[PDB]
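Student: one piece of my complex first, more on the way:
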Amino acid sequence: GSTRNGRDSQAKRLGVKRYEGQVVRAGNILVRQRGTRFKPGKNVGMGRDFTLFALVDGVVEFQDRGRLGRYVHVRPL
Amino acid sequence: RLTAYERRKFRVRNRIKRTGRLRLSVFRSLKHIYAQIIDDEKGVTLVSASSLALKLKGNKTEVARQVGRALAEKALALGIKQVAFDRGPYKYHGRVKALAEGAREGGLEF
Amino acid sequence: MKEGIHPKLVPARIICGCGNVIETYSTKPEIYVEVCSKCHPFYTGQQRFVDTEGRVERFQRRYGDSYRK
Amino acid sequence: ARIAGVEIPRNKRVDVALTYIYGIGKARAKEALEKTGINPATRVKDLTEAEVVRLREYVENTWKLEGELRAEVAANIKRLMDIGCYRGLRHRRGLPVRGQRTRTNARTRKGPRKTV
Amino acid sequence: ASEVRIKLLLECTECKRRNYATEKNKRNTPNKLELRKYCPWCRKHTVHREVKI
């Protein structure tokens, strides 16, 4: 008796890193994701693996714009 | 169900907003050509200029260059200098290119 | 159109064998045809060429009424 | 195509060429060249566009040719096959029609031998 | 990287030093790679040429 299965991969620890109303510095990572679950909004960059991070010091805000997707922003302090 | 006109429109307009500038959007109809500079952060138009409002003459292309020198003229009076060109669905050429160059001679920065 | 990829259009003289001449444009200034719209069998109303047959068969034999009654 | 609906062989004498038409044989060739006064000896390449249309016009107008000829003969067998005539069954079973032995030969109607 | 997909270097065609390493498929691209790259020595762009690794 034997298994032709057995394997799985290392977990990747994805998801939101900073929640709305939290104060972040320029560079802080905000959301780690596979594809654009959330989209970069004002003051928010997106890296080659979809990682949303803050472009300026300030405060996080989320916005759910329907068929336009969900967005993350940073508002200047 | 979108159309090539509509898609092309978003396609350039989306890239313009992302650079955060004031947008010099240009409308070009069969007879006339309009242009307004908009602050998308407020959803608000800050200055306008159009052939139809200036009652201008014949040649559409020179008409464009003139509504262009116009838009700048009103513009610099409001402190507006830096701005970004919204060629909409219109290829940067002809009438639209002409308005753009008019805005440039006027001193508007882009 | 693009230049240098396109055959050039000129006033043309299509001639038929009935002696119909057609005024048109073409890549060749002069052409002769064997047949046209002005003379074709199906075309000219119902000019039923070689056969106005009506079959003729099969009642049509009739040779003759000489078999007796 | 020239006459009639087909383009008869240029480089042959005008009388032979015509027989390259479905419906016109050696007889009908000399027969068309009589009633038009065209030389039976001349090569087809050497017809006047005048001689062409005259020879053209007679032949096409007197006799059923190429397409329609095939069409009637078709309908002729079509009906014979469909009335249930003896000659019909012979066409419908694909066998010969004219009182030939079938026990041997008969190949032209039958086709290559289907050996056993 | 494989037997057919080889590794290689780019040599500055002016100063002859290798400043960049990369790969190619030598079946798909039998000629030597030619590319302009910033050479840190000449301090400008130069046509760089594929050389044996």
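Tutor: Okay, I see it. Numbering: from 1, shown residues only, chains lettered A, B, ... in the order given.

Student: ok, residue A:2 - how many residues close by?
Tutor: 5 (other C-beta atoms under 10 Å in any protein chain shown). Any C-beta I mention is one placed from the backbone N, CA and C, and that applies to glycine too.

Student: sorry, wrong one. I was asking about residue A:5.
Tutor: Neighbourhood size, residue A:5 [other C-beta under 10 Å]: 6.

Student: same question, residue A:6
Tutor: 6.

Student: so who does the residue nearest the centre of chain A touch?
Tutor: When C-alpha atoms, centre = their mean is applied to chain A, the residue found nearest the centroid is residue A:31 (1.5 Å). Going by C-beta atoms under 8 Å, 6 or more residues apart in numbering or on different chains, residue A:31 touches A:15, A:16, A:17, A:18, A:37, A:38, A:51, A:52, A:72.

Student: hmm, the last one is touching residue A:52, no?
Tutor: Yes: at 5.4 Å, residue A:72 and residue A:52 qualify as touching, with contact defined as C-beta atoms under 8 Å.

Student: got the contact list for the closest residue to chain D within chain A?
Tutor: Using C-beta to the nearest C-beta, the single residue of chain A nearest to chain D is residue A:4, 55.3 Å away. Residues counted as contacts of residue A:4 (C-beta under 8 Å, 6+ apart): none.

Student: still on that earlier bit, name the SS class of the residue nearest to the centre of chain A, please.
Tutor: Three-state call for residue A:31 (DSSP: H, G, I helix; E, B strand; the rest coil): strand.

Student: spatially nearest residue to it, not counting backbone neighbours?
Tutor: residue A:52 (4.2 Å; C-beta to C-beta, 6 or more residues apart in numbering or on different chains).

Student: how about chain D: which residue is closest to chain C?
Tutor: Counting by C-beta to the nearest C-beta, chain D gets nearest chain C through residue D:53, at 4.6 Å.

Student: residues in contact with the spatially closest residue to that residue that is not a sequence neighbour?
Tutor: Nearest residue to residue D:53, sequence neighbours excluded (C-beta to C-beta, 6+ apart): residue C:17, at 4.6 Å. Residues near residue C:17 by C-beta under 8 Å, 6+ apart: C:32, C:33, C:34, C:35, C:36, C:39, D:52, D:53, D:56, D:57.

Student: more neighbours: which of residue A:72 and residue A:52?
Tutor: Set residue A:72 next to residue A:52 and count neighbours by other C-beta under 10 Å: residue A:52 wins out with 27 against 24.

Student: which ones are touching the more buried one?
Tutor: By C-beta under 8 Å, 6+ apart, residue A:52 lies in contact with A:29, A:30, A:31, A:33, A:38, A:40, A:44, A:45, A:46, A:72.

Student: include chain F too:
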Amino acid sequence: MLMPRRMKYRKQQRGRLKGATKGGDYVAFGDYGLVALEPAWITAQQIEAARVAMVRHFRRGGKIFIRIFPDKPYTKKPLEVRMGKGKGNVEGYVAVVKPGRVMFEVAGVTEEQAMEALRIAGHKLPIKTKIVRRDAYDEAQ
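Tutor: Below is chain F, added to the chains above:
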């Protein structure tokens, strides 16, 4: 007997049997029903036994409706092996049935004809059952 003709997956985790039925809880087709009083995995072998029994009473006549279906694959390790070396093999199929479902409904038959086949059917089952007839409550769902 009953079993899926094909499936996305060969083996299924066991899960639970908590709660009353999610649906299937009202007469829908026939005149009378057999409803489950307690939870269980009813096997295809039982469903067919129960079915055959009912047609066997009717002889000629009636219509039988089977409202449950065995889509859950049942696993068993081969006899006398030890724990481990992977999941058992599929050996049969079961219908996951919670309290309150109608499993069988009958039609085109006298009431005593139906009470009795549904009864005989009921003995063939690993659970307690209640026989019910169509009410306006059933009509109203």
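
Student: what about the neighbour count of residue A:5 again, now that chain F is present?
Tutor: Residues near residue A:5, counting by other C-beta under 10 Å, number 8.

Student: apart from its chain neighbours, what residue comes closest to it?
Tutor: Spatial nearest neighbour of residue A:5, excluding adjacent residues (C-beta to C-beta, 6+ apart): residue F:86 at 7.5 Å.

Student: ok, residue C:28 touching residue C:12?
Tutor: Yes: at 6.6 Å, residue C:28 and residue C:12 qualify as touching, with contact defined as C-beta under 8 Å.

Student: list the contacts for the residue nearest to residue A:5?
Tutor: Residue F:86 is in contact with A:1, A:2, A:3, A:5, counting by C-beta under 8 Å, 6+ apart.

Student: so for residue C:28 and residue C:12, which residue has more residues nearby?
Tutor: residue C:12 (15 against 10).

Student: the closest residue to residue D:6 other than its chain neighbours and residue D:74, how far apart?
Tutor: Leaving out its chain neighbours, the residue that sits closest to residue D:6 by C-beta to C-beta, 6+ apart is residue D:21, at 5.8 Å. Look at residue D:21 and residue D:74: by C-beta to C-beta, to the nearest Å, they are 18 Å apart.

Student: from chain F, which residue is nearest to chain D?
Tutor: Chain D sits closest to residue F:5 of chain F, with a gap of 45.3 Å, by C-beta to the nearest C-beta.

Student: and the residue nearest to the centre of chain A, how far from residue B:79?
Tutor: Note on residue A:31: its distance to residue B:79, by C-beta to C-beta, is 37 Å.

Student: please apply the same query to residue C:32.
Tutor: Separation of residue C:32 from residue B:79 (C-beta to C-beta): 79 Å.

Student: who does the residue in chain E that chain A sits nearest to form a beta bridge with?
Tutor: Relative to chain A, the nearest point of chain E is residue E:22 (19.2 Å; C-beta to the nearest C-beta). Counting by DSSP bridges, residue E:22 is bridged to residue E:8.

Student: now swap in residue C:24 and tell me
Tutor: When bridges are called by DSSP bridges, residue C:24 pairs up with residue C:12.

Student: tell me how many other residues crowd the residue of chain B found nearest chain D.
Tutor: As assessed by C-beta to the nearest C-beta, chain D sits closest to residue B:4 within chain B, at 47.0 Å. When neighbours are defined as other C-beta under 10 Å, residue B:4 has 9 of them.

Student: can I take it that residue D:68 is in a strand?
Tutor: No: according to three-state DSSP, residue D:68 belongs to no strand; its state is helix.

Student: what helices and strands are in contact with the strand or helix carrying residue D:71?
Tutor: Using DSSP states H and E, residue D:71 maps to helix D:66-83. Contacts defined by 3 or more C-beta pairs under 8 Å, 6 or more residues apart in numbering or on different chains; DSSP states H and E place helix D:66-83 against helix D:86-92.

Student: slot chain G in:
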Amino acid sequence: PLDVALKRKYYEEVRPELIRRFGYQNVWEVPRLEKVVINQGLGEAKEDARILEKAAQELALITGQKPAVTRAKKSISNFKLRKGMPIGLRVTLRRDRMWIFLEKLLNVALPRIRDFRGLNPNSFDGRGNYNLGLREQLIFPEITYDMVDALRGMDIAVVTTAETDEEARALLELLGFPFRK
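Tutor: Alright, chain G goes in next:
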């Protein structure tokens, strides 16, 4: 622009008679021609001798317009087809060149056709467009027996501005299309 017979005939005879039979209340409501597209699904040139400048040279003479290539959308085993392989030609005629082609087509081509018994009544789109096939390109006047290597016909699609087959049928018959039934 060009004055030609069919273009003229459309406005002069076809237009009014159409307004008669169907009683349109707007000039633009009445049936028009938009485009005739010619096609050569070829594909005999898939591999073999994928040199079909002979037919592009042909179609260019027939229509006074350089055809464009069509290439394979997907690869096909049974057809021996690599995706993107060059398998056909297509020229789109509008306006003046559209008329001139139809003009020669109706006055010349269909007559020269083997045993011609009229265009197919039933090849009507349902939305008022029309399509027809040709077995031979010799059917045209500009292609002599000499300049051809092999028999190659074509697909011909004519688009109307009509909405029903019935207005389309009329527009085309009024122009000069010969229908059997």
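
Student: since we added chain G, can you redo the neighbour count of residue A:6?
Tutor: 7.

Student: same thing with residue B:77?
Tutor: 9.

Student: same check, this time on residue C:30
Tutor: Around residue C:30 there are 9 other residues, counting by other C-beta under 10 Å.

Student: residue C:21 is in contact with that one, correct?
Tutor: No: contact criterion C-beta under 8 Å: residue C:30 and residue C:21 do not qualify, at 10.4 Å.

Student: which residues do these two both contact?
Tutor: By the contact definition C-beta under 8 Å, 6+ apart, residue C:30 and residue C:21 are jointly contacted by C:13, C:15.

Student: point me to the residue sitting farthest from the middle of chain G.
Tutor: Centroid-distance maximum for chain G: residue G:77 at 30.6 Å, with C-alpha atoms, centre = their mean.

Student: let me redo that: chain C
Tutor: Computed with C-alpha atoms, centre = their mean, the residue of chain C farthest from its C-alpha average is residue C:69, at 50.6 Å.

Student: can you give me the strands in chain E?
Tutor: E:5-12, E:18-25, E:34-39, E:44-51 (DSSP state E).

Student: of all those strands, which one is nearest residue F:124?
Tutor: strand E:5-12 (67.4 Å; C-beta to C-beta).

Student: helices and strands around the closest one, which ones?
Tutor: strand E:18-25, strand E:34-39, strand E:44-51.

Student: next, the contact list for the nearest residue to residue G:24 once chain neighbours are set aside, please.
Tutor: Leaving aside its chain neighbours, residue G:24 sits nearest to residue G:30 (4.7 Å; criterion: C-beta to C-beta, 6+ apart). Counting by C-beta under 8 Å, 6+ apart, residue G:30 touches G:15, G:18, G:19, G:22, G:24.

Student: looking at those residues, spot the one nearest chain F.
Tutor: residue G:22 (55.2 Å).

Student: is that closest one in contact with residue G:169, as I believe?
Tutor: No: counting by C-beta under 8 Å, residue G:22 does not reach residue G:169; the two are 11.4 Å apart.

Student: neighbour-wise, which of the two wins?
Tutor: Neighbours per residue, other C-beta under 10 Å: of residue G:22 and residue G:169, the larger number sits with residue G:169, 19 against 15.

Student: taking chain A, what residue is nearest to chain G?
Tutor: residue A:35 (27.8 Å).

Student: what about that residue, how many residues close to it?
Tutor: Neighbour number of residue A:35 under other C-beta under 10 Å is 7.

Student: enumerate every residue touching it.
Tutor: Contacts for residue A:35 (C-beta under 8 Å, 6+ apart) come out as residue A:50.
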